[PDB]
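> Just dropping in an experimental structure and the matching sequence.
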Amino acid sequence: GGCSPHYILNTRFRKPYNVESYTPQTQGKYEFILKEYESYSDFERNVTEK
Amino acid sequence: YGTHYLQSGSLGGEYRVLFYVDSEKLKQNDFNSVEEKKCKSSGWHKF
């Protein structure tokens, strides 16, 4: 039977008998992580004898 | 079904941002230089 009104936006849906709820609980979570590392090492040595 | 039901409330939307930047830069030059000379000349007055 059913035929209770269920809507999402302007569209209307027939809920199956088995379903207690299907509901547009709408959420969004975003995560950005960026890790840049640099190291450099330089060693010049000179030795001169005359 | 949880512990409570909603007796009253408000509906709408929530938005949040946390944003974080951290830069460190290091540049380092250590230059040392030793230059040494010794020289000598000798002779009686012949040599």
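Alright, I've got the coordinates. Numbering: from 1, shown residues only, chains lettered A, B, ... in the order given.
> What are the boundaries of the strands in chain B?
Along chain B, no segments are classed as strands by DSSP state E.
> Not counting its neighbours along the chain, what's nearest residue A:16?
Leaving aside its sequence neighbours, residue A:16 sits nearest to residue A:2 (Cβ to Cβ, 6 or more residues apart in numbering or on different chains; 7.9 Å). Quick note: C-beta positions are derived from backbone N, CA and C, even for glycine.
> Can you report how many residues lie near that neighbour?
Other residues near residue A:2 number 9, with proximity taken as other Cβ atoms under 10 Å in any protein chain shown.
> Can you dump the C-alpha atoms of stretch A:19-33 in CSV for me?
Backbone C-alpha positions of stretch A:19-33 (Å, rounded to 0.1, in the frame of the first residue of the first chain) are rendered in CSV as follows:
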residue,chain,number,x,y,z
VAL,A,19,12.5,0.8,4.4
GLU,A,20,11.9,2.7,7.7
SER,A,21,13.7,5.8,6.4
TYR,A,22,15.6,6.9,3.4
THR,A,23,16.3,10.6,4.1
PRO,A,24,18.6,13.2,2.5
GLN,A,25,20.8,13.9,5.6
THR,A,26,23.4,15.9,3.6
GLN,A,27,26.9,16.6,4.9
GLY,A,28,30.4,17.0,3.6
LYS,A,29,33.8,16.9,5.2
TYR,A,30,37.1,17.8,3.5
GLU,A,31,40.7,17.3,4.5
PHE,A,32,43.9,18.7,2.9
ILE,A,33,47.4,18.1,4.3
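> who touches that stretch?
Contacts to stretch A:19-33, defined as Cβ atoms under 8 Å, 6 or more residues apart in numbering or on different chains, come from residues A:8, A:13, A:15.
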